[PDB]
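*Asks:* got the complex split up, this is the first portion:
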Amino acid sequence: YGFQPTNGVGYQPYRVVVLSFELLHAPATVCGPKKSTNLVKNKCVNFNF
């Protein structure tokens, strides 16, 4: 590419980042923002592990 500053859009350089989330078969890894914790048992509950 011979990029030059006086190029019409669609010929100017764009930077690209491709994030690819993969899930092999480990025990866990990075995620979003943690919240709360605790741990209830013996009661119908709505859980996220």
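*Replies:* Noted; the coordinates are in hand. Numbers count the residues shown, from 1 in each chain, chains lettered A, B, ... in the order given.

*Asks:* what's the span of stretch A:5-22 from first residue to last?
*Replies:* 38 Å (C-alpha to C-alpha, to the nearest Å).

*Asks:* wait, I meant stretch A:26-44
*Replies:* Using C-alpha to C-alpha, the span of stretch A:26-44 from its first residue to its last is 28 Å.

*Asks:* quick one: which helix or strand includes the residue in chain A sticking out farthest from the centre?
*Replies:* Most distant from the centre of chain A: residue A:6, at 35.3 Å, with distances by C-alpha atoms, centre = their mean. Counting by DSSP states H and E, no helix or strand carries residue A:6.

*Asks:* so residue A:24 is in which element?
*Replies:* Per DSSP H and E: residue A:24 is located in neither a helix nor a strand.

*Asks:* So what's the residue count around it?
*Replies:* Around residue A:24 there are 5 other residues, counting by other C-beta atoms under 10 Å. Every residue, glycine included, has its C-beta placed from N, CA and C.

*Asks:* put chain B on too:
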Amino acid sequence: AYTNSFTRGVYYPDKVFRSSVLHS
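*Replies:* Putting chain B onto the chains we already have gives this:
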């Protein structure tokens, strides 16, 4: 030389516990 394995080279395909279950 060459030799014959008999029943060798079986590994757990992954995590996940499991019991009596002829799993394929």
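
*Asks:* Repeat for the neighbour count of residue A:24, accounting for chain B.
*Replies:* Residue A:24: 7 surrounding residues under other C-beta atoms under 10 Å in any protein chain shown.

*Asks:* For it, grab phi and psi.
*Replies:* Main-chain dihedrals, residue A:24, degrees, to the nearest 10: phi -60, psi -110.

*Asks:* Next one: it relative to residue A:48, how far apart?
*Replies:* Counting by C-beta to C-beta, to the nearest Å, the separation of residue A:24 from residue A:48 is 21 Å.

*Asks:* do residue B:18 as well
*Replies:* Computed as C-beta to C-beta, the residue B:18 to residue A:48 distance reads 24 Å.

*Asks:* Repeat that for residue A:14.
*Replies:* On the measure of C-beta to C-beta, residue A:14 and residue A:48 end up 38 Å apart.

*Asks:* Excluding sequence neighbours, find me the nearest residue to whichever residue of chain A sits closest to chain B.
*Replies:* Going by C-beta to the nearest C-beta, chain B is nearest to residue A:25 of chain A, at 4.4 Å. Nearest in space to residue A:25, with sequence neighbours left out and distances taken as C-beta to C-beta, 6 or more residues apart in numbering or on different chains, is residue B:14 at 4.4 Å.
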